file entry_16.pdb (PDB, C-alpha atoms (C1' of nucleotides))
MODEL        1
ATOM      1  CA  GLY J 581     163.661 104.763 115.517
ATOM      2  CA  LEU J 582     163.679 106.405 112.086
ATOM      3  CA  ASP J 583     161.613 105.526 109.014
ATOM      4  CA  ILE J 584     164.144 104.573 106.344
ATOM      5  CA  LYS J 585     163.291 103.297 102.875
ATOM      6  CA  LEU J 586     166.340 101.359 101.696
ATOM      7  CA  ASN J 587     166.895 100.282  98.094
ATOM      8  CA  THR J 588     165.038 103.425  97.051
ATOM      9  CA  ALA J 589     166.824 105.516  94.439
ATOM     10  CA  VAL J 590     165.467 109.018  93.962
ATOM     11  CA  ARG J 591     165.175 109.909  90.284
ATOM     12  CA  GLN J 592     163.400 113.252  90.324
ATOM     13  CA  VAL J 593     162.726 116.018  92.853
ATOM     14  CA  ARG J 594     159.709 118.256  92.243
ATOM     15  CA  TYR J 595     159.459 121.378  94.421
ATOM     16  CA  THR J 596     156.548 123.780  94.041
ATOM     17  CA  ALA J 597     154.680 126.611  95.753
ATOM     18  CA  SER J 598     152.191 124.104  97.177
ATOM     19  CA  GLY J 599     154.585 121.336  98.208
ATOM     20  CA  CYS J 600     156.975 118.710  96.882
ATOM     21  CA  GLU J 601     156.827 115.288  95.314
ATOM     22  CA  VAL J 602     159.820 112.956  95.092
ATOM     23  CA  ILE J 603     159.880 110.226  92.439
ATOM     24  CA  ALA J 604     161.923 107.151  93.368
ATOM     25  CA  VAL J 605     162.363 103.578  92.117
ATOM     26  CA  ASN J 606     163.222 100.205  93.624
ATOM     27  CA  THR J 607     166.902  99.529  92.905
ATOM     28  CA  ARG J 608     166.172  95.802  92.695
ATOM     29  CA  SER J 609     163.528  96.385  90.005
ATOM     30  CA  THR J 610     163.705  99.846  88.446
ATOM     31  CA  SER J 611     160.254  99.588  86.861
ATOM     32  CA  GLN J 612     158.560  99.782  90.264
ATOM     33  CA  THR J 613     157.884 103.461  91.034
ATOM     34  CA  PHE J 614     157.060 105.471  94.169
ATOM     35  CA  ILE J 615     155.824 109.041  94.654
ATOM     36  CA  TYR J 616     156.590 110.626  98.024
ATOM     37  CA  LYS J 617     154.637 113.833  98.702
ATOM     38  CA  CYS J 618     155.781 116.286 101.369
ATOM     39  CA  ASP J 619     156.031 119.886 102.567
ATOM     40  CA  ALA J 620     159.810 120.067 102.201
ATOM     41  CA  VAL J 621     162.766 118.086 100.849
ATOM     42  CA  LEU J 622     166.193 117.867 102.456
ATOM     43  CA  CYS J 623     168.776 117.007  99.817
ATOM     44  CA  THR J 624     171.744 115.091 101.209
ATOM     45  CA  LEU J 625     173.038 113.849  97.838
ATOM     46  CA  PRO J 626     176.849 113.810  97.539
ATOM     47  CA  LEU J 627     178.432 116.606  95.511
ATOM     48  CA  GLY J 628     179.629 113.925  93.107
ATOM     49  CA  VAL J 629     176.049 112.898  92.379
ATOM     50  CA  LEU J 630     174.969 116.528  91.947
ATOM     51  CA  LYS J 631     177.844 116.951  89.484
ATOM     52  CA  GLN J 632     176.830 113.942  87.405
ATOM     53  CA  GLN J 633     176.203 114.747  83.748
ATOM     54  CA  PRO J 634     173.775 113.624  82.466
ATOM     55  CA  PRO J 635     171.896 114.026  85.809
ATOM     56  CA  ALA J 636     171.221 110.983  87.985
ATOM     57  CA  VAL J 637     168.645 113.094  89.805
ATOM     58  CA  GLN J 638     166.531 115.628  87.945
ATOM     59  CA  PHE J 639     165.252 118.744  89.696
ATOM     60  CA  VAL J 640     161.942 120.247  88.643
ATOM     61  CA  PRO J 641     162.028 123.141  88.070
ATOM     62  CA  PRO J 642     165.769 123.192  87.287
ATOM     63  CA  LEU J 643     168.045 124.506  90.018
ATOM     64  CA  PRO J 644     168.990 128.189  89.576
ATOM     65  CA  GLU J 645     172.321 129.082  87.961
ATOM     66  CA  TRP J 646     173.868 130.339  91.199
ATOM     67  CA  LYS J 647     173.376 126.845  92.628
ATOM     68  CA  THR J 648     174.554 124.872  89.595
ATOM     69  CA  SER J 649     177.541 127.153  89.021
ATOM     70  CA  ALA J 650     178.680 126.435  92.576
ATOM     71  CA  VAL J 651     178.307 122.685  92.025
ATOM     72  CA  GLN J 652     180.576 122.962  88.980
ATOM     73  CA  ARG J 653     183.240 125.080  90.672
ATOM     74  CA  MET J 654     183.604 122.967  93.801
ATOM     75  CA  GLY J 655     185.931 120.002  93.596
ATOM     76  CA  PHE J 656     184.957 116.434  94.370
ATOM     77  CA  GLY J 657     187.995 114.314  94.999
ATOM     78  CA  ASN J 658     188.757 110.625  95.221
ATOM     79  CA  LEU J 659     190.786 108.190  97.295
ATOM     80  CA  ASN J 660     190.604 104.416  97.691
ATOM     81  CA  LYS J 661     191.657 101.630 100.042
ATOM     82  CA  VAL J 662     192.636  97.969  99.777
ATOM     83  CA  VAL J 663     191.790  95.547 102.577
ATOM     84  CA  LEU J 664     194.234  92.649 102.911
ATOM     85  CA  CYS J 665     193.127  89.784 105.150
ATOM     86  CA  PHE J 666     195.707  87.215 106.245
ATOM     87  CA  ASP J 667     195.625  84.302 108.687
ATOM     88  CA  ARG J 668     198.981  85.306 110.187
ATOM     89  CA  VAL J 669     200.488  88.587 111.343
ATOM     90  CA  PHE J 670     203.898  88.990 109.670
ATOM     91  CA  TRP J 671     204.474  92.689 110.382
ATOM     92  CA  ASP J 672     205.400  94.761 113.425
ATOM     93  CA  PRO J 673     202.233  94.921 115.558
ATOM     94  CA  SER J 674     203.510  97.958 117.469
ATOM     95  CA  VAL J 675     203.555  99.981 114.243
ATOM     96  CA  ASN J 676     200.130 101.439 113.473
ATOM     97  CA  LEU J 677     201.187 102.423 109.963
ATOM     98  CA  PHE J 678     204.150 102.496 107.575
ATOM     99  CA  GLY J 679     204.833 103.992 104.151
ATOM    100  CA  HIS J 680     206.068 103.009 100.707
ATOM    101  CA  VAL J 681     207.902 105.486  98.494
ATOM    102  CA  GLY J 682     207.083 105.501  94.798
ATOM    103  CA  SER J 683     209.679 105.101  92.075
TER
ATOM    104  CA  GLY N 581     147.885 117.014  63.740
ATOM    105  CA  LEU N 582     148.066 115.171  67.064
ATOM    106  CA  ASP N 583     150.552 115.629  69.908
ATOM    107  CA  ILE N 584     152.307 112.275  70.253
ATOM    108  CA  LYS N 585     155.167 111.537  72.634
ATOM    109  CA  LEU N 586     157.010 108.559  71.159
ATOM    110  CA  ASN N 587     159.573 106.505  73.069
ATOM    111  CA  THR N 588     157.568 107.242  76.208
ATOM    112  CA  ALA N 589     156.738 104.189  78.300
ATOM    113  CA  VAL N 590     154.087 104.714  80.952
ATOM    114  CA  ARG N 591     155.081 103.118  84.249
ATOM    115  CA  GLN N 592     152.379 104.271  86.637
ATOM    116  CA  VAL N 593     148.865 105.714  86.380
ATOM    117  CA  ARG N 594     147.597 107.780  89.314
ATOM    118  CA  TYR N 595     143.881 108.641  89.287
ATOM    119  CA  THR N 596     142.348 110.704  92.078
ATOM    120  CA  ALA N 597     139.318 112.792  93.021
ATOM    121  CA  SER N 598     141.161 115.947  91.948
ATOM    122  CA  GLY N 599     142.775 114.690  88.743
ATOM    123  CA  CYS N 600     145.376 112.302  87.363
ATOM    124  CA  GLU N 601     149.119 112.113  86.981
ATOM    125  CA  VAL N 602     150.864 109.687  84.633
ATOM    126  CA  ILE N 603     154.486 108.717  85.289
ATOM    127  CA  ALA N 604     156.462 107.755  82.180
ATOM    128  CA  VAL N 605     160.110 107.222  81.214
ATOM    129  CA  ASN N 606     162.230 107.603  78.092
ATOM    130  CA  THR N 607     162.673 104.137  76.574
ATOM    131  CA  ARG N 608     166.119 105.136  75.311
ATOM    132  CA  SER N 609     167.225 106.097  78.835
ATOM    133  CA  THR N 610     164.917 104.777  81.550
ATOM    134  CA  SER N 611     166.343 107.069  84.234
ATOM    135  CA  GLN N 612     164.795 110.133  82.588
ATOM    136  CA  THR N 613     161.311 110.631  84.074
ATOM    137  CA  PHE N 614     158.190 112.584  83.079
ATOM    138  CA  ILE N 615     155.011 113.449  84.989
ATOM    139  CA  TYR N 616     151.940 114.180  82.869
ATOM    140  CA  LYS N 617     149.081 115.807  84.802
ATOM    141  CA  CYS N 618     145.534 115.767  83.438
ATOM    142  CA  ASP N 619     141.797 115.670  84.130
ATOM    143  CA  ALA N 620     141.314 112.178  82.709
ATOM    144  CA  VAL N 621     143.289 109.205  81.387
ATOM    145  CA  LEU N 622     142.272 107.004  78.472
ATOM    146  CA  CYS N 623     143.926 103.609  78.814
ATOM    147  CA  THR N 624     144.551 101.915  75.472
ATOM    148  CA  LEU N 625     147.051  99.346  76.786
ATOM    149  CA  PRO N 626     146.724  95.884  75.195
ATOM    150  CA  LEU N 627     145.032  93.198  77.282
ATOM    151  CA  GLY N 628     148.345  91.349  77.241
ATOM    152  CA  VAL N 629     150.056  94.254  78.982
ATOM    153  CA  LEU N 630     147.234  94.543  81.530
ATOM    154  CA  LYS N 631     147.647  90.817  82.210
ATOM    155  CA  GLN N 632     151.385  91.091  82.812
TER
ATOM    156  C1'   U Y   1     149.692 107.364  98.964
ATOM    157  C1'   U Y   2     143.949 108.947  96.052
ATOM    158  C1'   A Y   3     150.013 112.608 101.038
ATOM    159  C1'   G Y   4     147.559 114.733 105.515
TER
ATOM    160  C1'   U R   1     155.251 121.045  83.874
ATOM    161  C1'   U R   2     155.998 124.481  89.496
ATOM    162  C1'   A R   3     149.657 121.097  84.661
ATOM    163  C1'   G R   4     146.018 125.093  83.488
TER
ENDMDL
END
call {"tool": "encode", "arguments": {"input": "entry_16.pdb", "output": "structure tokens"}}
result
Amino acid sequence: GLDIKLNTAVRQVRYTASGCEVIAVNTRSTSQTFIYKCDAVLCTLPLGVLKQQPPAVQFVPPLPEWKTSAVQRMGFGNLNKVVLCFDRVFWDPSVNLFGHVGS
Amino acid sequence: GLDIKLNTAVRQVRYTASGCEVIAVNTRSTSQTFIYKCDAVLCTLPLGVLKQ
RNA sequence: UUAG
RNA sequence: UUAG
């Protein structure tokens, strides 16, 4: 029921006394540009994106120091997973999970 | 004596009743965006570009 | 969307 | 350039 523009990468957020405009591009062809005008912007960008230097998203005017300083101090961690698909089960099905100790 | 922004590729020209805004990018890093606001735009783009 |  |  929501209006969602997929494949739309925000590039710049402009926020002013009179309103906001958000500049985004098509991810499938980055030349194609869109300008979304609104009363307010809700930023949901991951902290990792906000941390990115040089910026992946530019804020105009620049965010105040008390905001940027916080973005720098906070940690943004990492963890990954490997999916292994087999045709046969060869492990104990009753065991939800088991470990492996490193050398 | 002129103000020239080199390495600035215009991507979109917006022209309205109240004025114009021109969206351009840095050719050396196309993520970096600029919005130039003005009363009028003079288009000097080659016919080949306009045909593209 | 020449945002309403 | 939160165009003036």
call {"tool": "resolve_selection", "arguments": {"input": "entry_16.pdb", "expression": "the PyMOL selection byres ((chain J) within 9 of (chain N))", "output": "count of residues only"}}
result
12
call {"tool": "atom_distance", "arguments": {"input": "entry_16.pdb", "atom1": "CA of residue 643 in chain J", "atom2": "CA of residue 601 in chain N"}}
result
22.8 Å
call {"tool": "resolve_selection", "arguments": {"input": "entry_16.pdb", "expression": "the PyMOL selection byres ((chain R and resi 1) around 12)", "output": "ChimeraX atom specification"}}
result
/J:594-596,639-642 /N:601,614-618 /R:2-4
call {"tool": "write_last_selection", "arguments": {"input": "entry_16.pdb", "atoms": "C-alpha atoms (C1' of nucleotides)", "output": "PDB file, in the coordinates of the input"}}
result
ATOM      1  CA  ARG J 594     159.709 118.256  92.243  1.00  0.00           C
ATOM      2  CA  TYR J 595     159.459 121.378  94.421  1.00  0.00           C
ATOM      3  CA  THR J 596     156.548 123.780  94.041  1.00  0.00           C
ATOM      4  CA  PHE J 639     165.252 118.744  89.696  1.00  0.00           C
ATOM      5  CA  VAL J 640     161.942 120.247  88.643  1.00  0.00           C
ATOM      6  CA  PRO J 641     162.028 123.141  88.070  1.00  0.00           C
ATOM      7  CA  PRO J 642     165.769 123.192  87.287  1.00  0.00           C
TER       8      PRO J 642
ATOM      9  CA  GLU N 601     149.119 112.113  86.981  1.00  0.00           C
ATOM     10  CA  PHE N 614     158.190 112.584  83.079  1.00  0.00           C
ATOM     11  CA  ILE N 615     155.011 113.449  84.989  1.00  0.00           C
ATOM     12  CA  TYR N 616     151.940 114.180  82.869  1.00  0.00           C
ATOM     13  CA  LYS N 617     149.081 115.807  84.802  1.00  0.00           C
ATOM     14  CA  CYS N 618     145.534 115.767  83.438  1.00  0.00           C
TER      15      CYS N 618
ATOM     16  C1'   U R   2     155.998 124.481  89.496  1.00  0.00           C
ATOM     17  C1'   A R   3     149.657 121.097  84.661  1.00  0.00           C
ATOM     18  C1'   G R   4     146.018 125.093  83.488  1.00  0.00           C
TER      19        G R   4
END
call {"tool": "resolve_selection", "arguments": {"input": "entry_16.pdb", "expression": "the PyMOL selection byres ((chain N and resi 622) around 12)", "output": "JSON, numbers by chain"}}
result
{"N": [593, 595, 600, 602, 618, 619, 620, 621, 623, 624, 625]}
call {"tool": "interface_residues", "arguments": {"input": "entry_16.pdb", "of": "chain J", "to": "chain Y", "cutoff": "8 Å", "atoms": "only C-alpha atoms (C1' of nucleotides)", "output": "ChimeraX atom specification"}}
result
/J:615-618
call {"tool": "residues_near_point", "arguments": {"input": "entry_16.pdb", "point": "(176.9, 117.6, 96.5)", "cutoff": "12 Å", "atoms": "all atoms listed in the file", "output": "mmCIF file with C-alpha atoms, keeping the file's coordinate frame"}}
result
data_model
loop_
_atom_site.group_PDB
_atom_site.id
_atom_site.type_symbol
_atom_site.label_atom_id
_atom_site.label_comp_id
_atom_site.auth_asym_id
_atom_site.auth_seq_id
_atom_site.Cartn_x
_atom_site.Cartn_y
_atom_site.Cartn_z
ATOM 1 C CA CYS J 623 168.776 117.007 99.817
ATOM 2 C CA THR J 624 171.744 115.091 101.209
ATOM 3 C CA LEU J 625 173.038 113.849 97.838
ATOM 4 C CA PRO J 626 176.849 113.810 97.539
ATOM 5 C CA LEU J 627 178.432 116.606 95.511
ATOM 6 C CA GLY J 628 179.629 113.925 93.107
ATOM 7 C CA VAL J 629 176.049 112.898 92.379
ATOM 8 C CA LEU J 630 174.969 116.528 91.947
ATOM 9 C CA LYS J 631 177.844 116.951 89.484
ATOM 10 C CA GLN J 632 176.830 113.942 87.405
ATOM 11 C CA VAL J 637 168.645 113.094 89.805
ATOM 12 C CA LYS J 647 173.376 126.845 92.628
ATOM 13 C CA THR J 648 174.554 124.872 89.595
ATOM 14 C CA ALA J 650 178.680 126.435 92.576
ATOM 15 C CA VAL J 651 178.307 122.685 92.025
ATOM 16 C CA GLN J 652 180.576 122.962 88.980
ATOM 17 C CA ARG J 653 183.240 125.080 90.672
ATOM 18 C CA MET J 654 183.604 122.967 93.801
ATOM 19 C CA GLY J 655 185.931 120.002 93.596
ATOM 20 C CA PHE J 656 184.957 116.434 94.370
ATOM 21 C CA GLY J 657 187.995 114.314 94.999
#
call {"tool": "axis_aligned_box", "arguments": {"input": "entry_16.pdb", "around": "chain Y", "padding_each_side": "5 Å", "output": "AutoDock Vina command-line options"}}
result
--center_x 147.0 --center_y 111.0 --center_z 100.8 --size_x 16.1 --size_y 17.4 --size_z 19.5
call {"tool": "atom_distance", "arguments": {"input": "entry_16.pdb", "atom1": "CA of residue 605 in chain J", "atom2": "CA of residue 598 in chain N"}}
result
24.5 Å
call {"tool": "atom_distance", "arguments": {"input": "entry_16.pdb", "atom1": "CA of residue 599 in chain N", "atom2": "CA of residue 606 in chain J"}}
result
25.5 Å
call {"tool": "residues_around", "arguments": {"input": "entry_16.pdb", "residues": "residue 607 in chain N", "least_positions_apart": "6", "cutoff": "8 Å", "atoms": "all atoms listed in the file", "output": "PyMOL selection string"}}
result
chain N and resi 587-589
call {"tool": "build_atoms", "arguments": {"input": "entry_16.pdb", "residues": "range 617-630 of chain J", "atoms": "N, CA, C and O atoms", "output": "short mmCIF file (atom, residue, chain, number, x, y, z; two decimals), keeping the file's coordinate frame"}}
result
data_model
loop_
_atom_site.label_atom_id
_atom_site.label_comp_id
_atom_site.auth_asym_id
_atom_site.auth_seq_id
_atom_site.Cartn_x
_atom_site.Cartn_y
_atom_site.Cartn_z
N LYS J 617 155.10 112.45 98.64
CA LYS J 617 154.64 113.83 98.70
C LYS J 617 154.90 114.42 100.08
O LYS J 617 154.66 113.76 101.09
N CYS J 618 155.36 115.66 100.12
CA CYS J 618 155.78 116.29 101.37
C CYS J 618 155.75 117.81 101.32
O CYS J 618 155.55 118.41 100.26
N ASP J 619 155.99 118.43 102.47
CA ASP J 619 156.03 119.89 102.57
C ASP J 619 157.40 120.42 102.17
O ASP J 619 157.51 121.51 101.62
N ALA J 620 158.44 119.65 102.47
CA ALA J 620 159.81 120.07 102.20
C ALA J 620 160.71 118.87 101.92
O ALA J 620 160.45 117.76 102.40
N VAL J 621 161.76 119.10 101.14
CA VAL J 621 162.77 118.09 100.85
C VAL J 621 164.14 118.53 101.33
O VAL J 621 164.59 119.64 101.03
N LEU J 622 164.81 117.65 102.07
CA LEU J 622 166.19 117.87 102.46
C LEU J 622 167.10 117.02 101.58
O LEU J 622 167.09 115.79 101.67
N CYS J 623 167.86 117.69 100.72
CA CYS J 623 168.78 117.01 99.82
C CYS J 623 170.13 116.77 100.49
O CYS J 623 170.79 117.71 100.92
N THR J 624 170.52 115.50 100.55
CA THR J 624 171.74 115.09 101.21
C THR J 624 172.66 114.39 100.18
O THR J 624 173.71 113.85 100.52
N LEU J 625 172.29 114.49 98.91
CA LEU J 625 173.04 113.85 97.84
C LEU J 625 174.48 114.33 97.81
O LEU J 625 174.73 115.53 97.92
N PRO J 626 175.44 113.41 97.66
CA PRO J 626 176.85 113.81 97.54
C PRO J 626 177.10 114.78 96.39
O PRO J 626 176.38 114.74 95.39
N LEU J 627 178.11 115.63 96.53
CA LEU J 627 178.43 116.61 95.51
C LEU J 627 178.76 115.91 94.20
O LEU J 627 178.52 116.46 93.12
N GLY J 628 179.30 114.70 94.29
CA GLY J 628 179.63 113.92 93.11
C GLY J 628 178.39 113.56 92.31
O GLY J 628 178.39 113.60 91.09
N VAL J 629 177.32 113.19 93.02
CA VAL J 629 176.05 112.90 92.38
C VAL J 629 175.49 114.16 91.72
O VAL J 629 175.10 114.13 90.56
N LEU J 630 175.47 115.26 92.46
CA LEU J 630 174.97 116.53 91.95
C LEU J 630 175.73 116.98 90.71
O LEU J 630 175.20 117.70 89.87
#
